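Asks: Make a model of this:
(7 chains, ligands or ions: 12)
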Amino acid sequence: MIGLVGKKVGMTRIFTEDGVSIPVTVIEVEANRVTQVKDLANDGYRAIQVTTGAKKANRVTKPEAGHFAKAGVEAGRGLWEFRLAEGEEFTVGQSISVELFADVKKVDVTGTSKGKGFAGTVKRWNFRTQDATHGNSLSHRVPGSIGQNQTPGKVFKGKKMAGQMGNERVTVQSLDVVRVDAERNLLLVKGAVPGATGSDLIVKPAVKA
Amino acid sequence: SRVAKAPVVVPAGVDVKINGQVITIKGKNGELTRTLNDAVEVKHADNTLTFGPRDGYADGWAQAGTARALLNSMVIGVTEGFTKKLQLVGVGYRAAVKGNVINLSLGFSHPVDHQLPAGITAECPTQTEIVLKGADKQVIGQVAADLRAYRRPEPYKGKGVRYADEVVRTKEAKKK
Amino acid sequence: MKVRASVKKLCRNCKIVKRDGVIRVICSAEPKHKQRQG
Amino acid sequence: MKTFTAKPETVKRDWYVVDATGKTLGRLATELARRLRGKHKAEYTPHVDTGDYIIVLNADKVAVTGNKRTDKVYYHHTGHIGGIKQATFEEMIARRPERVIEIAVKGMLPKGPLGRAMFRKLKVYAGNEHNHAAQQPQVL
RNA sequence: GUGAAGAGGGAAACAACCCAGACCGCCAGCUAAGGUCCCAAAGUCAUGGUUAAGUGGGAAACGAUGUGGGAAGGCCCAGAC
RNA sequence: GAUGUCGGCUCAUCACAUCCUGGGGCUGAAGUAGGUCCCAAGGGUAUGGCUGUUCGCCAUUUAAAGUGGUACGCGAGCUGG
RNA sequence: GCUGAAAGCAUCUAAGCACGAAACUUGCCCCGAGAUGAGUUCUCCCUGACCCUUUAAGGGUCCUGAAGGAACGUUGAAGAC
Ligand SMILES: [Mg+2]
Ligand SMILES: [Mg+2]
Ligand SMILES: [Mg+2]
Ligand SMILES: [Mg+2]
Ligand SMILES: [Mg+2]
Ligand SMILES: [Mg+2]
Ligand SMILES: [Mg+2]
Ligand SMILES: [Mg+2]
Ligand SMILES: [Mg+2]
Ligand SMILES: [Mg+2]
Ligand SMILES: [Mg+2]
Ligand SMILES: [Mg+2]
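Replies: Numbering: from 1, shown residues only, chains lettered A, B, ... in the order given. Ligands and ions are numbered 1, 2, ... in the order given. You can find the structure just below:
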């Protein structure tokens, strides 16, 4: 229900003396429907849209054929919405970078968390510690595992044993958008935004309510 | 025995009808139906109606009483037009109507508007009185309380919308 | 107050004590007084 | 020598469309179960495969017992502890009535491999003559 | 009396409890205890009655116009409830 | 022919006879605050002084500083008072 | 709480209806078709000859080898591998 393009760095807009404003400025070029899912066939509602167009000279055939209407055009990713009334485009019939959000609404940036990698019980969950007075073997690190005793230890498949942090999605949810820039598509948000450099990102509407 | 039920006239307007179980009545008032239980076997000669218990089963015989009465009320409702009124007491308390939305200014920060179901309107002869009235006695009852319920009378005073009959004078003397 | 087991019913105007087993002595028709199931 | 019982691999595929579109629940299950194992037995034997395909229509309708419509849970317990332990009543079965009946008809199976790959010969379906494609071609 | 020093069938599982004492072999019959809707062998058996709580399928004092049956009484078609 | 004690740390998981918060009935319930009983386990549920303490008393917080089961949870995880 | 029998009344229950909490189902975020019940939709690629069998089961040779995948290399806000 709104384009989705990569972000790049974050800034500050100081006027009237906020400066607190920590813009994310995540460029959102053209979208282009490319496909329109519907009731009969395609399954549910939905409405694909590849809000990109990065020159992809070398691409596998099926995707290179995945386009079909007027200009053709090619991108890479491929999202969609659901209920609405979006066009029947292909990578033709541009959507817009100025989705209908008026000027003061909260967006819902969605990206993939950075990736720490394998991480201890110390970093994964703030529950860990241990002291330094003695027994340096189990220093301020290793936990004291699943309690219980004779209960064979079904370990209750959780606690927080060390494991990689993941890159999993995040969806900050609720973020008032400050600027958009109709033609110089950037759209600034207020801090947050997961991932780095130029992760795909999604930037939904305002479902958070 | 000492109780039962047998009478149920069908004067003018009384256009009762039965569809196996269903019973739709008509008249000066409105269109009210009420499919009774299953065993139920009600009919109509020319004037008297009569419930029909498939047989003398415990939960089958008494099922007649509650039935020979419900339909009867349907007739008494369709011909007379049911009324019931409550009164509001307490400073600030007011009354008002605008078709359905019976705006109510009881004692909260902001007033409200109880939208009454269809078949029963209401009129505030004054900012203190509210008189609901409709056909089906059912929606009548619930809305009768659904309204006063917006502020039940408290003993110490009595304030709060009350039925225009509620014996409750006031409290039992206070204390601590 | 609303008891758990059964403290009889006492008084005269108390509820018919009929329903889903509701005893509690009190004597309804006591605009304020009302010792019962709760 | 003498001689067996003959139930090689058999072959009695079927299409029996057990509608059970009404008050037939509970006990009704036994027939869907027994007709799955082969009760009349044209040749069958409790031990050979073949559930003898059946199709229970509607299903989303059953008078149930005398009151287990509002009073009986199923109880599943997921797996991830946290003592979640799921519980749902019957009148609470509005998202997938098809589930039930199939649930009931189960357990009454030999329990294990044979009776396990024998359940599918039911086809849930909660909406009378619909997507009868499960075997649209032939039936009974 | 049984187990110990006893196997088989039953009580879900269960040395001792119920049935019952395994010389071998049998794709042959009748029974015991216990059972016959499915798992799971055999009555979705019949004649009648109880229950409506899933009682059956855990637990007392005591409580209650639940509902079944039997007997005796108080007022009352000079009219009771 | 070895099932390592109490307390602490770490990290817990469940019960409900609920401490806080949520919804109610009565009150010797004006209000505010309470008393008690019913319902309710979503989530939450203190830092220190003294002592090995658990606990406790004390200082000061808090919406509150719950009771209990888990080999009086937790040493092939730490400590060793 | 409405309406209302059994029980002429009355009665929140027996039929039927109406409210009603951080509990329950959902709403929000993540995983998620090995969902073997392995689902859906869109797009891409392959249309050369013969033989022996115990012939509908195949077994086998030459000519072909696409879409794609992988391999290698330069690497990464990705990572123990
Ligand atoms: Mg050491
Ligand atoms: Mg185990
Ligand atoms: Mg078995
Ligand atoms: Mg010995
Ligand atoms: Mg015999
Ligand atoms: Mg059998
Ligand atoms: Mg029981
Ligand atoms: Mg409790
Ligand atoms: Mg302390
Ligand atoms: Mg211990
Ligand atoms: Mg050690
Ligand atoms: Mg020491």
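
Asks: Strands of chain A, residue ranges please.
Replies: A:106-107, A:175-176 (DSSP state E).

Asks: which of the ones you listed sits most buried?
Replies: For the strands of chain A, average neighbour numbers computed from mean count of other CB atoms under 10 Å in any protein chain shown are highest in strand A:106-107, which has a mean of 23. For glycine as for every other residue, the C-beta is placed from the backbone atoms N, C-alpha and C.

Asks: circling back to that earlier point, of all the strands of chain A, which lies closest to residue D:37?
Replies: Between residue D:37 and the strands of chain A, the tightest spacing by CB to CB is seen for strand A:106-107, at 59.5 Å.

Asks: From the contact counts, what lies against the closest one?
Replies: Under the contact criterion of 3 or more CB pairs under 8 Å, 6 or more residues apart in numbering or on different chains; DSSP states H and E, strand A:106-107 touches strand A:175-176.

Asks: Have a look at chain B and report its longest helix.
Replies: The helix spanning the most residues in chain B, taking DSSP state H as the definition, is helix B:58-80.

Asks: now for it, which elements pack on it?
Replies: By contact count (3+ CB pairs under 8 Å, 6+ apart), the secondary structure elements abutting helix B:58-80 are strand B:22-25, strand B:32-33.

Asks: hmm, the first one in reach of RNA strand G?
Replies: No: legend: contact between strand B:22-25 and RNA strand G by CB under 7 Å from any atom of the strand is lacking; minimum distance shown is 12.2 Å.

Asks: Would you mind listing the outside residues contacting that strand?
Replies: Where contact means CB atoms under 8 Å, 6 or more residues apart in numbering or on different chains, the residues beyond strand B:22-25 that reach it are B:14-17, B:31-36, B:42, B:71, B:74-75, B:78.

Asks: List buried residues within the residues you listed.
Replies: Burial by neighbour count, judged by 16 or more other CB atoms under 10 Å in any protein chain shown, picks out B:14, B:16, B:32, B:34, B:36, B:42, B:71, B:74-75, B:78 from the contacts of strand B:22-25.

Asks: Checking residue D:13 next. Helix, strand or coil?
Replies: Following DSSP: H, G, I helix; E, B strand; the rest coil, we place residue D:13 in the coil state.

Asks: Show me the residue at the heart of chain A, geometrically.
Replies: Within chain A, one residue has its C-alpha closest to the average C-alpha position: by CA atoms, centre = their mean, that is residue A:111, at 1.7 Å.

Asks: And that one, how far from RNA strand F?
Replies: Shown here: residue A:111 relative to RNA strand F, a distance of 27 Å by CB to the nearest atom of the strand, to the nearest Å.

Asks: so what's that residue closest to, chain neighbours aside?
Replies: Closest residue to residue A:111 in three dimensions, ignoring its sequence neighbours and counting by CB to CB, 6 or more residues apart in numbering or on different chains: residue A:195, at 3.8 Å.

Asks: for the residue nearest to residue C:29 when sequence neighbours are not counted, helix, strand, or coil?
Replies: Sequence neighbours aside, residue C:13 is the residue nearest to residue C:29 in space, at 4.7 Å (criterion: CB to CB, 6+ apart). Secondary structure for residue C:13, judged by three-state DSSP, is coil.

Asks: what does chain B have sitting close to RNA strand E?
Replies: Neighbours of RNA strand E within chain B, by CB under 7 Å from any atom of the strand: B:2, B:58.

Asks: Flag every residue of chain B that's near RNA strand F.
Replies: B:154-156, B:172, B:174-176.

Asks: so who does residue 34 touch?
Replies: You didn't pick a chain, so chain A it is. By CB under 8 Å, 6+ apart, the residues touching residue A:34 are A:48-50, A:66-67, A:75, A:78, A:89-91.

Asks: Please refer instead to chain C.
Replies: Neighbouring residues of residue C:34 by CB under 8 Å, 6+ apart: C:26, C:28.

Asks: quick revisit: do I have it right that the residue nearest to residue A:111 meets residue A:114?
Replies: Yes: judged on CB atoms under 8 Å, residue A:195 makes contact with residue A:114 at a distance of 6.4 Å.

Asks: more neighbours, these two?
Replies: Regarding residue A:195 and residue A:114, a neighbour count based on other CB atoms under 10 Å in any protein chain shown identifies residue A:195 as having more, with 21 against 15.

Asks: Relative to residue B:118, which of the contacts of strand B:22-25 is nearest.
Replies: When those are ranked by distance to residue B:118 (CB to CB), residue B:31 comes first, at 10.7 Å.

Asks: quick one: contacts for the closest one?
Replies: When contacts are counted by CB under 8 Å, 6+ apart, residue B:31 touches B:24-25.
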